[PDB]
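Trainee: Protein chains in written order, with the deposited numbering: chain A, 357 to 435; chain F, 436 to 513. We treat Cβ as the ideally placed atom computed from N, Cα and C, and that holds for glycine.
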């Protein structure tokens, strides 16, 4: 009944680690959706400072576009 | 459930009633830049591409309200 009390905290520290790595995937998904709405012929900006933000993503940093930019090119190279 | 031509009369009220960097004049600014880049590319290469969406869209929004597109971006107006 001490190890149970330890797991109540270790699980909280694992859910706070799948919160900061699902944010960093939400941001790439929304950046892809922005690029795709811009390509298919719709007038919405694609700067990282103009994405939408909904507490599943947080504020967008610059490095969350670099990451995306090297990941479309990586995916297009593999087709 | 408003007329499809009465929606412009309000999106444009927002676009007119906006600061210079607000996210309204920054999502339309992409239309202006794509049209401007298209016109420059047309001047240089020589041919006007058969697919020019940005310039046509700016032309429709100009015909919808001329005293707005002439005021915001005063070179596409000319």
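In the DSSP assignment, find the alpha helix (DSSP H) that holds residue 404 of chain A and state where it starts and stops.
Mentor: As a first step, residue 404 of chain A must be located in the first chain, where it is residue number 48. Element bounds for residue 404 of chain A: n/a, residue is neither H nor E.
Trainee: Along chain A, in chain order, which residues have C-beta atoms closer than 9 Å to that of residue 458 of chain F?
Mentor: Residue 458 of chain F sits at position 23 when you count from the first residue of the second chain. Near residue 458 of chain F (Cβ distances below 9 Å), the residues of chain A are 401 and 406.
Trainee: Determine whether the beta carbon atoms of residue 497 of chain F and residue 506 of chain F lie at a separation below 9 Å.
Mentor: On the second chain, position 62 is the one that residue 497 of chain F refers to. On the second chain, position 71 is the one that residue 506 of chain F refers to. The answer is no: Cβ separation not under 9 Å.
Trainee: What do you reckon, are the CB atoms on residue 383 of chain A and residue 413 of chain A nearer than 9 Å?
Mentor: One-based indexing of the first chain puts residue 383 of chain A at position 27. One-based indexing of the first chain puts residue 413 of chain A at position 57. Their beta carbons are under 9 Å apart, which means residue 383 of chain A touches residue 413 of chain A by this criterion.
Trainee: Enumerate in chain order the residues of its own chain whose CB-to-CB distance from residue 450 of chain F is below 8 Å, with the five nearest sequence positions on each side excluded.
Mentor: Residue numbering aside, residue 450 of chain F sits at position 15 when the second chain is read from its first letter. So the qualifying residues of the chain are 459, 460, 463, 503 and 507.
Trainee: Residue 465 of chain F touches chain A at which residues, Cβ-Cβ below 7 Å?
Mentor: The count along the second chain starts at 1 and reaches residue 465 of chain F at position 30. What residue 465 of chain F touches in chain A: 399 and 401.
Trainee: Can you name the residues of chain A whose CB is closer than 9 Å to the CB of residue 501 of chain F?
Mentor: As a working mapping, residue 501 of chain F is identified with position 66 in the second chain. Here the premise fails: no neighbours, minimum Cβ distance about 19 Å.
Trainee: Taking residue 488 of chain F as the query, report the chain A residues whose CB atoms sit under 8 Å from its CB, ordered along the chain.
Mentor: Taking the second chain and counting its residues from 1, one reaches residue 488 of chain F at position 53. Near residue 488 of chain F (Cβ distances below 8 Å), the residues of chain A are 397.
Trainee: How many angstroms separate the CA atom of residue 431 of chain A from the CA atom of residue 411 of chain A?
Mentor: Working through the first chain from its first residue, we reach residue 431 of chain A at position 75. Working through the first chain from its first residue, we reach residue 411 of chain A at position 55. Whole-angstrom Cα-Cα distance: 28 Å.
Trainee: Select from A:403, A:409 and A:435 the residue whose C-alpha is nearest the C-alpha of residue 424 of chain A.
Mentor: Taking the first chain and counting its residues from 1, the one referred to as residue 424 of chain A is at position 68. Residue 424 of chain A has its Cα closest to that of A:403, out of A:403, A:409 and A:435.
Trainee: I'd like to know if residue 462 of chain F contacts chain A, where contact means its C-beta is closer than 9 Å to some C-beta of that chain.
Mentor: Position 27 of the second chain, counted from the start, is the residue given in the question as residue 462 of chain F. It does; some Cβ of chain A falls within 9 Å.
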